[PDB]
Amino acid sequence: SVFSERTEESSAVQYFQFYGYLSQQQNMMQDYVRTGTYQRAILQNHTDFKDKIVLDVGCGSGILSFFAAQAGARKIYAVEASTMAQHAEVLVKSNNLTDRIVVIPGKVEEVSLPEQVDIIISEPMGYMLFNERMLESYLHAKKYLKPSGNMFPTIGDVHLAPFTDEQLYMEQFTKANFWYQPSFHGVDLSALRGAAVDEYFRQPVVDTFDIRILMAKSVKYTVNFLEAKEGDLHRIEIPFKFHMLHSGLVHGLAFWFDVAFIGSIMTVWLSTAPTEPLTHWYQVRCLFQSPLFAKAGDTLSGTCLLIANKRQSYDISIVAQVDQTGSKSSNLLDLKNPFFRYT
């Protein structure tokens, strides 16, 4: 299928195994900012659902389909590829909605829907928005979308901003320097030290932080889900030019994302920004092995390039330079393999 061609088996097996756990579904459900904003977006745009045909891509427990039902949808196809599909079905019966919600087990790239739909709803966002590559399945699902059908969410904004955080940098750096020691139990590791630093700084750091650590206004990259094609997400190039508001060491870029549900009655935003209340997405920071020094008023420019891989994630390339000194930093980060720092 489109899905298996882009996905290593051993990756897909881990992936849907993970979403097969009630405890992981619960973890998403309990993100109240997440779950309550989806519900508001759907219920306050009830005219977008009343008597409509809906597709829920990756329905998990079914929770968004129940919201579509609460908003008056006529029929909701809830597609789910993990064994969580069987639990969703149980909930549909115990909630007496068998006449309106139809669970369809399988990958949205591989199942058959009986008819085209008025609106697709999903929660396909990973870390940094793009992790997991589920946004492609969401876009793929537009093959079932009627002309001028809507998408909920409708657009996604990824934000990047340079940050300073010596304590985080040193913390990762101290980790790598285990492999600097010349006599670990009589053994000289130091020859692997470079490869260690590379491996640790490959990991994006997932947690939250104070906005005070940000040294410039964020740059925004927007994906419009109504318009984008799957292939748009195979290679994502995000150019940036920051105007430094503070002097200091730039330790890397911080990422977060917002999505907007652009309904007929109103637009509702769900934000994972550090100025907003914390969600289970936290935020993400990619460190530089070698931080850049900049002065307030310098411009920091470069590119963040995300290249999709068959492990349902991205290889991240970040090149940045302080234009005023030509100090340049190059980094590649493996998004599939984040360091979850949050405590």
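Numbering starts at 1 and follows the sequence shown. Heads up, when I say rigid core I mean the largest set of C-alphas that superpose within 1.5 Å between the two forms.
Engineer: With the rigid core held as the alignment frame, decide whether 103-111 or 168-176 lies farther from the shown form in 8 other deposited structures of this protein, in terms of RMS C-alpha distance.
Structural biologist: Evaluated in 8 other deposited structures of this protein, the stretch farther from the shown form is 168-176.
Engineer: So which moves more in 8 other deposited structures of this protein by CA, 148-156 or 184-192, given a superposition on the core?
Structural biologist: After the core superposition, the stretch with higher RMS deviation in 8 other deposited structures of this protein is 184-192.
Engineer: Could you check the entry and say whether 317-325 or 17-25 has the higher mean CA B-factor?
Structural biologist: 317-325 has the higher mean C-alpha B-factor.
Engineer: Identify the stretch, either 55-63 or 293-301, whose C-alpha atoms have the larger mean B-factor according to the entry.
Structural biologist: Looking at the record's C-alpha B-factors, the answer is 293-301.
Engineer: Reading the B-factor column of the entry, which of 221, 255, 77, 184 has the highest value at its C-alpha atom?
Structural biologist: It is 221.
Engineer: Quick one: which of 157, 89, 210, 123 shows the highest Cα temperature factor in the PDB entry?
Structural biologist: Within the set 157, 89, 210, 123, 210 shows the top C-alpha B-factor.
Engineer: Per the entry's values, where does residue 49 land by CA temperature factor relative to the rest of its chain, in the lowest, middle or highest third?
Structural biologist: Highest third, going by the recorded CA B-factors of the chain.
Engineer: How does the C-alpha B factor of residue 180 compare with the rest of the chain: lowest, middle or highest third?
Structural biologist: Its C-alpha B-factor, which the entry lists for residue 180, ranks in the highest third among residues of this chain.
Engineer: Relative to the other modelled residues of the same chain, rank the CA B-factor of residue 106 and answer lowest, middle or highest third.
Structural biologist: Answer is lowest: the recorded C-alpha B-factor places it there.
Engineer: How does residue 95 rank on Cα B-factor within its chain, lowest, middle or highest third?
Structural biologist: For residue 95, the deposited C-alpha B-factor lands in the lowest third.
Engineer: Which third, lowest, middle or highest, does the C-alpha temperature factor of residue 140 belong to within its own chain?
Structural biologist: Tercile = middle for this residue's CA B-factor.
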